[PDB]
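Shown below: work-v4.tsv, with TSV, C-alpha atoms and all ligand atoms.
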```
chain	number	residue	atom	x	y	z
A	1	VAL	CA	152.09	93.74	-22.73
A	2	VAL	CA	151.45	91.91	-19.45
A	3	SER	CA	153.87	91.37	-16.56
A	4	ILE	CA	154.11	87.75	-15.41
A	5	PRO	CA	154.36	87.44	-11.58
A	6	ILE	CA	157.61	86.03	-10.15
A	7	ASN	CA	158.22	85.44	-6.45
A	8	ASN	CA	161.14	87.34	-4.83
A	9	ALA	CA	162.08	88.53	-8.34
A	10	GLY	CA	164.65	91.04	-7.03
A	11	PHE	CA	165.97	88.84	-4.19
A	12	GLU	CA	164.84	91.53	-1.71
A	13	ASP	CA	163.78	88.78	0.78
A	14	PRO	CA	165.43	88.52	3.21
A	15	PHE	CA	166.22	92.07	4.32
A	16	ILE	CA	169.92	92.44	5.18
A	17	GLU	CA	171.04	95.31	7.40
A	18	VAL	CA	174.86	95.40	6.86
A	19	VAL	CA	176.44	96.32	3.48
A	20	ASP	CA	178.13	93.30	1.80
A	21	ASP	CA	176.54	90.86	4.26
A	22	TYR	CA	175.01	87.80	2.57
A	23	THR	CA	173.05	84.61	3.26
A	24	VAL	CA	174.17	81.12	2.22
A	25	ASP	CA	170.69	79.58	1.98
A	26	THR	CA	168.45	79.34	-1.10
A	27	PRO	CA	166.50	82.60	-1.46
A	28	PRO	CA	162.80	82.39	-0.53
A	29	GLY	CA	160.62	81.70	-3.56
A	30	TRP	CA	163.48	80.09	-5.51
A	31	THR	CA	164.89	76.58	-5.61
A	32	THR	CA	168.50	75.58	-6.13
A	33	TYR	CA	169.09	74.29	-9.66
A	34	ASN	CA	171.55	71.51	-8.97
A	35	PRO	CA	171.93	69.11	-11.95
A	36	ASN	CA	175.54	68.11	-11.11
A	37	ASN	CA	175.03	67.97	-7.34
A	38	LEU	CA	177.63	70.71	-6.80
A	39	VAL	CA	175.65	72.57	-4.08
A	40	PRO	CA	175.18	70.75	-0.72
A	41	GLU	CA	171.95	70.94	1.34
A	42	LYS	CA	173.92	72.36	4.27
A	43	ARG	CA	176.10	75.30	3.20
A	44	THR	CA	178.74	77.54	4.68
A	45	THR	CA	180.77	80.49	3.33
A	46	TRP	CA	183.39	77.85	2.21
A	47	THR	CA	181.10	75.38	0.37
A	48	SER	CA	179.44	75.95	-2.97
A	49	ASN	CA	176.42	78.03	-2.04
A	50	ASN	CA	173.79	80.49	-3.12
A	51	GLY	CA	171.82	83.20	-1.32
A	52	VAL	CA	171.20	86.95	-1.35
A	53	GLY	CA	173.62	89.81	-0.67
A	54	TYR	CA	173.19	93.51	0.18
A	55	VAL	CA	174.91	95.69	-2.44
A	56	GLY	CA	174.59	99.01	-0.68
A	57	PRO	CA	176.51	102.28	-0.29
A	58	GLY	CA	180.28	101.79	-0.24
A	59	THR	CA	180.10	98.16	-1.41
A	60	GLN	CA	183.57	96.68	-1.76
A	61	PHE	CA	182.74	94.46	-4.76
A	62	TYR	CA	180.95	96.66	-7.34
A	63	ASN	CA	181.22	100.13	-8.93
A	64	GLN	CA	177.46	100.56	-8.58
A	65	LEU	CA	174.57	99.73	-6.24
A	66	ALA	CA	172.27	96.75	-6.89
A	67	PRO	CA	170.36	97.00	-10.20
A	68	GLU	CA	167.15	96.96	-8.15
A	69	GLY	CA	166.46	97.59	-4.45
A	70	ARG	CA	169.08	96.58	-1.86
A	71	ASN	CA	169.94	92.98	-2.71
A	72	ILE	CA	171.21	90.66	-5.45
A	73	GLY	CA	171.05	86.87	-5.65
A	74	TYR	CA	174.41	85.11	-5.90
A	75	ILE	CA	175.73	81.63	-6.74
A	76	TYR	CA	179.25	80.57	-5.82
A	77	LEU	CA	180.73	77.24	-6.89
A	78	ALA	CA	183.85	75.94	-5.14
A	79	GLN	CA	184.55	73.05	-7.55
A	80	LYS	CA	187.07	73.47	-10.37
A	81	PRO	CA	185.99	74.84	-13.79
A	82	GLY	CA	184.27	72.26	-15.91
A	83	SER	CA	182.73	70.38	-12.94
A	84	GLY	CA	179.14	71.27	-13.94
A	85	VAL	CA	176.60	74.03	-13.41
A	86	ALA	CA	174.24	75.25	-10.70
A	87	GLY	CA	171.99	78.18	-9.95
A	88	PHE	CA	168.45	79.28	-9.23
A	89	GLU	CA	165.17	77.89	-10.62
A	90	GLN	CA	161.58	79.06	-10.20
A	91	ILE	CA	158.50	77.48	-11.70
A	92	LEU	CA	155.78	80.09	-12.31
A	93	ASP	CA	151.97	79.95	-12.02
A	94	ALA	CA	151.61	81.22	-15.63
A	95	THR	CA	151.47	78.69	-18.43
A	96	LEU	CA	152.69	78.84	-22.03
A	97	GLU	CA	150.02	80.43	-24.22
A	98	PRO	CA	149.82	80.49	-28.03
A	99	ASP	CA	150.76	83.38	-30.34
A	100	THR	CA	152.57	85.15	-27.51
A	101	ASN	CA	155.94	86.94	-27.46
A	102	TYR	CA	157.77	86.35	-24.14
A	103	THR	CA	160.64	88.60	-22.99
A	104	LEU	CA	162.73	87.62	-19.97
A	105	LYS	CA	165.19	90.19	-18.60
A	106	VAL	CA	167.72	89.60	-15.82
A	107	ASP	CA	170.65	91.69	-14.68
A	108	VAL	CA	173.88	89.73	-14.36
A	109	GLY	CA	176.82	90.89	-12.21
A	110	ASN	CA	180.57	90.27	-12.18
A	111	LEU	CA	182.09	90.80	-8.68
A	112	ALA	CA	185.29	92.81	-8.44
A	113	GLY	CA	187.77	93.52	-5.69
A	114	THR	CA	189.22	91.53	-2.79
A	115	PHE	CA	187.81	89.73	0.26
A	116	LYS	CA	190.55	89.05	2.81
A	117	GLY	CA	193.43	88.10	0.53
A	118	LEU	CA	191.09	86.54	-2.09
A	119	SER	CA	190.71	88.03	-5.56
A	120	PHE	CA	187.24	88.16	-7.19
A	121	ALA	CA	188.90	88.82	-10.58
A	122	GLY	CA	187.29	86.70	-13.29
A	123	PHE	CA	183.83	85.44	-14.10
A	124	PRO	CA	182.40	81.89	-14.46
A	125	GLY	CA	179.95	82.61	-17.32
A	126	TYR	CA	176.16	82.77	-17.05
A	127	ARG	CA	173.07	81.30	-18.70
A	128	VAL	CA	169.54	82.64	-18.41
A	129	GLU	CA	166.78	80.15	-19.40
A	130	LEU	CA	163.06	80.46	-20.06
A	131	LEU	CA	161.29	77.08	-19.52
A	132	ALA	CA	157.99	75.45	-20.30
A	133	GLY	CA	157.74	72.33	-18.18
A	134	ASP	CA	161.22	70.71	-18.34
A	135	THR	CA	161.98	72.18	-21.79
A	136	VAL	CA	164.31	75.15	-22.26
A	137	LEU	CA	162.37	77.23	-24.79
A	138	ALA	CA	165.04	79.91	-25.11
A	139	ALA	CA	168.28	80.83	-23.37
A	140	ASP	CA	171.09	83.38	-23.41
A	141	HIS	CA	174.29	81.38	-22.84
A	142	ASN	CA	176.90	83.95	-21.87
A	143	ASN	CA	176.54	86.39	-24.81
A	144	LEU	CA	177.06	89.64	-22.83
A	145	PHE	CA	180.47	90.91	-21.85
A	146	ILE	CA	180.27	91.97	-18.21
A	147	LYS	CA	183.09	94.13	-16.85
A	148	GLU	CA	184.50	93.52	-13.35
A	149	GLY	CA	182.22	95.17	-10.77
A	150	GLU	CA	179.35	95.88	-13.15
A	151	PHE	CA	175.90	94.51	-14.04
A	152	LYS	CA	174.43	94.12	-17.53
A	153	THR	CA	170.91	93.15	-18.62
A	154	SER	CA	170.45	89.77	-20.38
A	155	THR	CA	167.36	89.50	-22.62
A	156	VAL	CA	165.84	86.14	-23.55
A	157	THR	CA	162.98	85.93	-26.06
A	158	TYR	CA	160.57	83.17	-27.13
A	159	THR	CA	157.61	83.37	-29.50
A	160	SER	CA	154.94	80.67	-29.30
A	161	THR	CA	152.80	79.47	-32.22
A	162	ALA	CA	149.25	78.09	-32.21
A	163	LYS	CA	150.49	74.46	-32.16
A	164	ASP	CA	153.44	74.68	-29.77
A	165	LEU	CA	153.98	71.22	-28.25
A	166	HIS	CA	154.43	72.83	-24.80
A	167	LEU	CA	151.20	74.92	-24.64
A	168	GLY	CA	149.52	74.85	-21.24
A	169	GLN	CA	152.77	73.85	-19.49
A	170	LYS	CA	154.04	75.99	-16.57
A	171	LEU	CA	156.61	78.63	-17.41
A	172	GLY	CA	159.91	78.61	-15.52
A	173	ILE	CA	163.13	80.56	-15.17
A	174	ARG	CA	166.67	79.34	-14.51
A	175	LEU	CA	169.66	81.53	-13.69
A	176	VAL	CA	172.82	79.48	-14.08
A	177	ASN	CA	176.46	79.75	-13.01
A	178	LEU	CA	178.37	77.97	-15.84
A	179	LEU	CA	181.59	77.38	-13.81
A	180	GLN	CA	183.67	77.91	-16.98
A	181	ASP	CA	186.38	79.92	-15.17
A	182	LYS	CA	187.35	81.53	-11.79
A	183	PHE	CA	186.52	83.59	-9.79
A	184	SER	CA	183.46	81.32	-9.96
A	185	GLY	CA	180.80	83.43	-8.27
A	186	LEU	CA	178.26	85.65	-10.01
A	187	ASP	CA	175.17	87.69	-9.24
A	188	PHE	CA	171.66	88.11	-10.64
A	189	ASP	CA	168.99	90.74	-9.99
A	190	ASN	CA	165.73	92.24	-11.20
A	191	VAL	CA	164.14	89.27	-12.94
A	192	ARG	CA	161.31	90.47	-15.22
A	193	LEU	CA	159.06	88.43	-17.59
A	194	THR	CA	156.50	89.96	-19.95
A	195	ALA	CA	154.02	88.39	-22.38
A	196	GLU	CA	152.48	90.16	-25.38
A	197	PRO	CA	150.10	88.78	-28.06
A	198	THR	CA	151.82	88.66	-31.49
B	1	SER	CA	190.34	96.22	-37.01
B	2	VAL	CA	187.74	93.46	-37.62
B	3	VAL	CA	189.21	90.25	-39.02
B	4	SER	CA	187.28	87.37	-40.68
B	5	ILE	CA	188.08	83.96	-39.23
B	6	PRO	CA	188.14	81.38	-42.07
B	7	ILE	CA	185.60	78.52	-41.94
B	8	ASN	CA	185.55	75.57	-44.44
B	9	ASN	CA	182.42	75.22	-46.59
B	10	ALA	CA	180.86	78.04	-44.55
B	11	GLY	CA	177.88	78.39	-46.86
B	12	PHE	CA	177.42	74.65	-47.59
B	13	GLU	CA	178.12	75.38	-51.27
B	14	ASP	CA	179.89	71.98	-51.58
B	15	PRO	CA	178.63	69.77	-52.99
B	16	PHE	CA	177.03	71.39	-56.02
B	17	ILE	CA	173.37	70.35	-56.42
B	18	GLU	CA	171.75	70.62	-59.87
B	19	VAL	CA	167.98	70.36	-59.26
B	20	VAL	CA	166.01	72.74	-57.03
B	21	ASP	CA	164.99	71.13	-53.71
B	22	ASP	CA	167.38	68.21	-54.17
B	23	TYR	CA	169.59	67.37	-51.20
B	24	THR	CA	172.29	65.02	-49.93
B	25	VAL	CA	172.04	62.78	-46.87
B	26	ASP	CA	175.76	62.75	-45.93
B	27	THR	CA	177.68	65.10	-43.68
B	28	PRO	CA	178.73	68.16	-45.75
B	29	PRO	CA	182.47	68.35	-46.61
B	30	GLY	CA	184.42	70.47	-44.07
B	31	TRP	CA	181.90	69.67	-41.29
B	32	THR	CA	181.28	66.85	-38.84
B	33	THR	CA	178.01	65.59	-37.43
B	34	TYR	CA	177.48	66.72	-33.85
B	35	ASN	CA	175.81	63.62	-32.40
B	36	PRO	CA	175.81	63.65	-28.58
B	37	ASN	CA	172.70	61.40	-28.36
B	38	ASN	CA	173.58	59.12	-31.32
B	39	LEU	CA	170.34	60.19	-33.10
B	40	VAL	CA	171.92	60.40	-36.58
B	41	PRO	CA	173.11	57.05	-37.97
B	42	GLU	CA	176.46	56.61	-39.71
B	43	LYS	CA	174.68	55.31	-42.82
B	44	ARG	CA	171.69	57.45	-43.72
B	45	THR	CA	168.79	57.03	-46.04
B	46	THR	CA	165.86	59.26	-46.99
B	47	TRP	CA	163.97	57.42	-44.18
B	48	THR	CA	166.38	58.08	-41.28
B	49	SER	CA	167.54	61.05	-39.32
B	50	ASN	CA	170.06	62.78	-41.57
B	51	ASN	CA	171.97	65.90	-42.45
B	52	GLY	CA	173.45	67.26	-45.66
B	53	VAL	CA	173.10	70.13	-48.10
B	54	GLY	CA	170.02	71.26	-50.02
B	55	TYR	CA	169.60	73.53	-53.05
B	56	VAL	CA	167.17	76.36	-52.22
B	57	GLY	CA	166.81	77.75	-55.69
B	58	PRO	CA	164.22	79.42	-57.93
B	59	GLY	CA	160.81	77.73	-57.67
B	60	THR	CA	161.61	76.03	-54.34
B	61	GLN	CA	158.43	74.60	-52.82
B	62	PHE	CA	159.69	74.88	-49.22
B	63	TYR	CA	160.65	78.60	-48.78
B	64	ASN	CA	159.41	82.14	-49.60
B	65	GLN	CA	163.00	83.23	-50.35
B	66	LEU	CA	166.18	81.75	-51.78
B	67	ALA	CA	169.18	80.53	-49.80
B	68	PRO	CA	170.67	83.33	-47.65
B	69	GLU	CA	173.94	82.80	-49.54
B	70	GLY	CA	174.72	81.02	-52.82
B	71	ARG	CA	172.64	78.06	-53.88
B	72	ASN	CA	172.70	75.78	-50.88
B	73	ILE	CA	171.82	75.43	-47.22
B	74	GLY	CA	172.89	72.86	-44.65
B	75	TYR	CA	170.03	70.94	-43.05
B	76	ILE	CA	169.54	68.59	-40.10
B	77	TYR	CA	166.45	66.40	-39.90
B	78	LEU	CA	165.68	64.22	-36.88
B	79	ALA	CA	163.11	61.38	-37.14
B	80	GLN	CA	162.98	60.68	-33.38
B	81	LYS	CA	160.24	62.14	-31.20
B	82	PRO	CA	160.62	65.55	-29.53
B	83	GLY	CA	162.72	65.32	-26.39
B	84	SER	CA	164.96	62.49	-27.69
B	85	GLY	CA	168.14	64.62	-27.77
B	86	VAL	CA	169.88	67.00	-30.15
B	87	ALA	CA	172.14	66.79	-33.19
B	88	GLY	CA	173.67	69.04	-35.79
B	89	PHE	CA	176.86	70.22	-37.41
B	90	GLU	CA	180.25	70.92	-35.77
B	91	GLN	CA	183.42	72.40	-37.20
B	92	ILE	CA	186.67	72.91	-35.27
B	93	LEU	CA	188.67	75.84	-36.64
B	94	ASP	CA	192.44	76.42	-37.04
B	95	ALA	CA	192.02	79.78	-35.24
B	96	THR	CA	192.56	79.85	-31.45
B	97	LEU	CA	190.98	81.96	-28.67
B	98	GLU	CA	193.00	85.18	-28.27
B	99	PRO	CA	192.91	87.64	-25.34
B	100	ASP	CA	190.98	90.93	-25.24
B	101	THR	CA	189.07	90.03	-28.42
B	102	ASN	CA	185.37	90.40	-29.34
B	103	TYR	CA	184.11	87.41	-31.36
B	104	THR	CA	180.93	87.66	-33.38
B	105	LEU	CA	179.38	84.52	-34.89
B	106	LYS	CA	176.49	84.93	-37.34
B	107	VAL	CA	174.49	82.11	-38.92
B	108	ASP	CA	171.23	82.19	-40.83
B	109	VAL	CA	168.58	79.75	-39.55
B	110	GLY	CA	165.67	78.60	-41.70
B	111	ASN	CA	162.22	77.18	-41.02
B	112	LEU	CA	160.88	75.02	-43.87
B	113	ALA	CA	157.32	75.54	-45.10
B	114	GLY	CA	154.76	73.57	-47.04
B	115	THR	CA	153.62	70.02	-47.65
B	116	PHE	CA	154.30	67.15	-50.01
B	117	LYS	CA	151.83	64.25	-50.61
B	118	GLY	CA	150.89	64.00	-46.94
B	119	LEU	CA	154.31	65.10	-45.52
B	120	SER	CA	153.95	68.33	-43.55
B	121	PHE	CA	156.82	70.78	-42.93
B	122	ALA	CA	154.72	72.93	-40.57
B	123	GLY	CA	156.54	73.57	-37.30
B	124	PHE	CA	160.11	73.99	-36.21
B	125	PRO	CA	162.30	72.01	-33.74
B	126	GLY	CA	164.22	74.92	-32.20
B	127	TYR	CA	167.85	75.86	-32.87
B	128	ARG	CA	171.07	76.58	-30.97
B	129	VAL	CA	174.19	78.20	-32.35
B	130	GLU	CA	177.36	77.66	-30.24
B	131	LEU	CA	180.81	79.25	-30.24
B	132	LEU	CA	183.39	76.87	-28.73
B	133	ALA	CA	186.90	76.99	-27.41
B	134	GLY	CA	188.13	73.42	-27.07
B	135	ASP	CA	185.19	71.47	-25.60
B	136	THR	CA	183.73	74.52	-23.82
B	137	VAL	CA	180.69	76.41	-25.08
B	138	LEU	CA	181.83	80.03	-24.69
B	139	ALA	CA	178.53	81.55	-25.82
B	140	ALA	CA	175.33	80.31	-27.52
B	141	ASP	CA	172.03	81.54	-28.84
B	142	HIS	CA	169.48	78.94	-27.70
B	143	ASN	CA	166.42	79.55	-29.85
B	144	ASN	CA	165.92	83.30	-29.19
B	145	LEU	CA	164.79	84.28	-32.70
B	146	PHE	CA	161.27	83.74	-34.00
B	147	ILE	CA	161.55	82.30	-37.50
B	148	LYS	CA	158.45	82.35	-39.68
B	149	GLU	CA	157.54	79.33	-41.83
B	150	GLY	CA	159.50	79.54	-45.10
B	151	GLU	CA	162.01	82.19	-44.00
B	152	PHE	CA	165.57	82.57	-42.68
B	153	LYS	CA	166.74	84.89	-39.92
B	154	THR	CA	170.28	85.71	-38.76
B	155	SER	CA	171.37	84.46	-35.30
B	156	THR	CA	174.23	86.41	-33.65
B	157	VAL	CA	176.40	84.92	-30.91
B	158	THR	CA	179.02	87.04	-29.17
B	159	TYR	CA	181.86	86.38	-26.78
B	160	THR	CA	184.52	88.71	-25.38
B	161	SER	CA	187.72	87.15	-23.99
B	162	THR	CA	189.81	88.57	-21.17
B	163	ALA	CA	193.60	88.64	-20.72
B	164	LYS	CA	193.52	85.55	-18.41
B	165	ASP	CA	190.73	83.52	-19.99
B	166	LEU	CA	191.09	79.85	-18.99
B	167	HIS	CA	190.62	78.75	-22.60
B	168	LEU	CA	193.08	81.13	-24.30
B	169	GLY	CA	195.01	79.36	-27.03
B	170	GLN	CA	192.42	76.58	-27.51
B	171	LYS	CA	190.92	75.97	-30.97
B	172	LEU	CA	187.71	77.83	-31.75
B	173	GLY	CA	184.72	75.77	-32.86
B	174	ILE	CA	181.18	76.20	-34.10
B	175	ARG	CA	178.10	74.02	-33.55
B	176	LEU	CA	174.77	74.37	-35.30
B	177	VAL	CA	172.17	72.38	-33.39
B	178	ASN	CA	168.68	70.98	-34.03
B	179	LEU	CA	167.05	71.04	-30.56
B	180	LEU	CA	164.31	68.48	-31.44
B	181	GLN	CA	161.82	70.37	-29.20
B	182	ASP	CA	158.88	70.06	-31.62
B	183	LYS	CA	157.87	68.85	-35.08
B	184	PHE	CA	158.36	69.31	-38.04
B	185	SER	CA	161.84	68.30	-36.76
B	186	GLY	CA	164.07	69.64	-39.55
B	187	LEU	CA	165.82	72.99	-39.94
B	188	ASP	CA	168.36	74.71	-42.12
B	189	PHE	CA	171.52	76.80	-41.63
B	190	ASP	CA	173.55	78.98	-43.97
B	191	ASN	CA	176.20	81.67	-44.35
B	192	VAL	CA	178.27	80.95	-41.24
B	193	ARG	CA	180.53	83.93	-40.49
B	194	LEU	CA	182.91	84.54	-37.57
B	195	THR	CA	184.81	87.80	-36.95
B	196	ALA	CA	187.32	88.81	-34.31
B	197	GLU	CA	188.01	92.42	-33.20
B	198	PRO	CA	190.51	93.57	-30.53
B	199	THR	CA	188.64	95.25	-27.62
A	201	CA	CA	167.32	93.44	-5.97
A	202	CA	CA	184.92	88.97	-11.05
A	203	CA	CA	174.80	78.84	-48.97
A	204	CA	CA	158.42	74.49	-40.70
```
Using structure tokens, write down the structure that the file contains.
Amino acid sequence: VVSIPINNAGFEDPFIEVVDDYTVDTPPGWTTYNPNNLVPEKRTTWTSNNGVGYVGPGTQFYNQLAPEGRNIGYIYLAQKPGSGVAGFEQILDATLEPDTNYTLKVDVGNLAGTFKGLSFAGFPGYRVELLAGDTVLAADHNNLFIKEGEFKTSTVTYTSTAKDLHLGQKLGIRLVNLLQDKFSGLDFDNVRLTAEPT
Amino acid sequence: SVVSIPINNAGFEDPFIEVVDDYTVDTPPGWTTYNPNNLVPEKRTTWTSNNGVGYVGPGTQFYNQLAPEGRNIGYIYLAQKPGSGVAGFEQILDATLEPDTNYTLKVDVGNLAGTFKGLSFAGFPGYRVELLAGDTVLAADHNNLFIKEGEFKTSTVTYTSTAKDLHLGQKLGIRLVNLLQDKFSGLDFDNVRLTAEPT
């Protein structure tokens, strides 16, 4: 079993000093997955946005600390349910190899609580994708039940054969807010990808 | 407190097929053709993209086991090149999405094996199994299982509803999808089962 390198895999960059403070800019190492043009180039707290947030001691929005380190990565979509999807994408240096079992794990979080008169009750749905090139090899579309204020680990698996059409193509990861309901923000952390010969 | 949700022709046992490895090229009764990219024509032949039922019986040349359930499977074959789109089966149910309920959808997915006079069934196009409410995909297994040539494996899709779910009261649905991500570009499904349990 080999670990595949991912940049900023736990969204620990940038460092954030104040509990529950957050950025509204794409996390370093990641790009914004934006197929429905829901996230603008220039963001504020009020627009659809994504960024990192410090889930530290006494957090108002979770029953636990971050799955890993200080920070999580979050996506918030302001448009009404059904408007489309958005999230994070990262293309990796590793390529798809034959006769290899891939296992992608990501913790997914459901915010709880209240932020100045606003309820974070509800959850938009998530999808975790493993890519080769532009092809989604495997994905977990919203199978886990995630309680308010908790994180749960999503596992995505793909097994390549000797003749896979996508061999030699770059691996990628997408972490997607499905905007299927409100509150329509969610969190991700602790992205891990392993490869093991079959 | 688990309850079975009824599904029409859930094991593709209609129509009856007499001869092992025979198959139909029309949508199976109880089902519709999921066709978001118009890959499957309304009038099919043995030469076109198609779907139907197939008898996976004793002495089958395409599998190392029999059908997961009964005699028959449901198949979807796409003639277009990888990347052209997806297609499959859809069935909208009478049942509706209820609050505080755990839904579990199980479907067996098969990978055909073998050859026939120059035709090769080596390879697999990828699968997705979807649980719907209305037009929304609540949960799906996009191709997570490894399925060996000539075998079936069970896919499990789960969704848990809350008390204020946006889609409460909408009709449940199932889609079984050929992803057309590689060739051979056919695959089989069988033994569709959906249960609901209060949380
Ligand atoms: Ca982290
Ligand atoms: Ca929430
Ligand atoms: Ca059957
Ligand atoms: Ca095959």
Checklist entry - Could you write out as a PyMOL selection string the residues of chain A within 6 Å of chain B, counting only C-alpha atoms? => result chain A and resi 138-143+145+157-159
Checklist entry - So how far away is atom CA of residue B:89 from atom CA of residue B:32, in Å? => result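 So the two atoms, atom CA of residue B:32 and atom CA of residue B:89, lie 5.7 Å apart.
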Item to check | Nearest-residue call for ligand CA 201 (chain A), choices A:17, A:41, A:189, A:164, using all atoms listed in the file | outcome: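 Going through A:17, A:41, A:189, A:164 one by one, the smallest distance to ligand CA 201 (chain A) is for A:189.
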Checklist entry - Which polymer residues have any atom within 10 Å of an atom of residue B:65, counting all atoms listed in the file, with same-chain residues fewer than 6 positions away left out, as a list in words? => result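 Within the cut-off, the hits are residues 56, 57, 58, 59, 150, 151 and 152 of chain B.
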Next on the checklist: Neighbouring residues of ligand CA 201 (chain A) are defined here as those with any atom at most 7 Å from a ligand atom, counting only C-alpha atoms and all ligand atoms; list them as JSON, numbers by chain.
Outcome noted: {"A": [10, 11, 12, 66, 67, 68, 69, 70, 71, 72, 189, 190]}
